[PDB]
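Given next, in structure tokens, is a single chain: the form deposited in one PDB entry.
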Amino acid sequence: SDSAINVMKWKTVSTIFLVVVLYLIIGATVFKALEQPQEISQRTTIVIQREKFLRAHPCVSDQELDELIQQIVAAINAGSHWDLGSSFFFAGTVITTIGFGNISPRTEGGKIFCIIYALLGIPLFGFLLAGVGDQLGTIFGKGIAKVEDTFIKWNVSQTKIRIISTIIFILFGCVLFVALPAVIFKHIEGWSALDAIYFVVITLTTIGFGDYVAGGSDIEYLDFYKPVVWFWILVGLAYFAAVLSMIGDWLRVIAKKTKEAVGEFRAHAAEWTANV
């Protein structure tokens, strides 16, 4: 039966689907809980500042403010943004798919080029990213040969030390790829420590909201900085790929276990009930 495996397949898809739907619903209610408040407080104090500027500058007629805001809002759909260095940064947001959005094409032909550039660029960057991941793979692999030698000539031995190696990968990786660059970002951009870590995670997972962008204010920057950020992008993307990938394996495991716990729970509940 070719249909029988395909039924077992669709069974699995359907259950992961519903778990994802469930993940979205829980997420939606937690986000709403956290943000609908601030949205209300930001809306009332925008309405305050509106009236407080009609009166504290009486020269402005109420009708011309509405025209001023239209001109501002219209020009937000535009804003130099497109110098060589910025347009290079733009190209990086395309091929990495971080896609921050602070800058994006407005011209019919900038958009047509972006389509072509992305379709060829994303796969090309993927090869680089793969190569870079392999390099980091070996460098870390050397380092865990040396720490599965020195810590396997004394204390508690095989299979529990798999757990220790992965902890060192997360801890050293978070220092090198999250913490250290967050420290720099805090000092150089003037972001809070939380905003910087948020920035790191939103950028390296490639979510890339664009609410924060390193090198993105009109600050003066030492031009070692952007280069170093580029390098961090290259290596941070590989590291987050690996980590995201690890978490996937953890969910695969935890899924096996929850299936067995439900099965235990059934087997025992049953021969409790049969015994009656």
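Each residue number is its position in the shown sequence, starting from 1. Just so we're on the same page, rigid core means the largest C-alpha set that superposes within 1.5 Å between forms.
Where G141 is followed by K142 in the displayed chain, the model omits none of the deposited residues that would sit between the two. Stretch comparison (106 to 114 versus 145 to 153) by mean CA B-factor in the PDB entry places 145 to 153 on top. On average the C-alpha atoms of 50 to 58 have higher B-factors than those of the other stretch, with 50 to 58 and 227 to 235 being the two compared. Remark: of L194, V175, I72, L84, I72 shows the highest value [criterion: C-alpha B-factor in the PDB entry]. The entry lists C-alpha B-factors for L128, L136, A78, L180, and the highest of these is at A78.
Sort the modelled residues of the chain by CA B factor and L68 lands in the highest third. Remark: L120 belongs to the lowest third of its chain, ranked by C-alpha B-factor as recorded.
Sorting the modelled residues of the chain by their CA temperature factor places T45 in the highest third. The PDB entry assigns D211 a C-alpha temperature factor belonging to the lowest third of its chain's modelled residues. Among the modelled residues of its chain, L34 has a C-alpha B-factor that falls in the middle third, as given in the PDB entry.
Keep in mind that the form deposited in another entry is missing from the display, and what follows is about it.
Superposed on the rigid core, the two forms differ between the shown form and the other one by 2 Å or more at the C-alpha of one listed residue only; from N155, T138, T107, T150 that residue is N155.
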